[PDB]
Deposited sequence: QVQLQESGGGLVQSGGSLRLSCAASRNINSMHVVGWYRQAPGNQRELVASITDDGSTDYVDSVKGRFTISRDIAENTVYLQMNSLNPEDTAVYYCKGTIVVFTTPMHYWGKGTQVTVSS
């Protein structure tokens, strides 16, 4: 119902306020919640950094290897989530 939008060696996500926003790849990469809490897959730990920016209306994924398409995913009602996916952006190193 919302329309998420992302962005080969700053990706922005934009919608048509969400409870979690996360970046994926093809597996989970990095996520941030509206508590400001973050989490990372073990293979990305230390090199990757998720960060929320309310002022600029987007969620960035700063990535600091050849084993690295990336997607934006965004709402909870009671304790039941619904997820909203963007269409993606390729990443190749």
Stretches of deposited sequence not represented by any CA atom are 8 to 10, 13 to 18, 26 to 29, 40 to 45, 84 to 85, 90 to 91, 98, 118 to 119
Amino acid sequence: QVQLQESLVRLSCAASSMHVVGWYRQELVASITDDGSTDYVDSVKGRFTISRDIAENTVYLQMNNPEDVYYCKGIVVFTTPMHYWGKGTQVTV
From here on, numbers count along this sequence of modelled residues.
As stated in the PDB record, which stretch has the larger average Cα B-factor, 43 to 51 or 28 to 36?
43 to 51
Based on what the PDB entry reports, which of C72, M18, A14, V77 has the top C-alpha B-factor?
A14
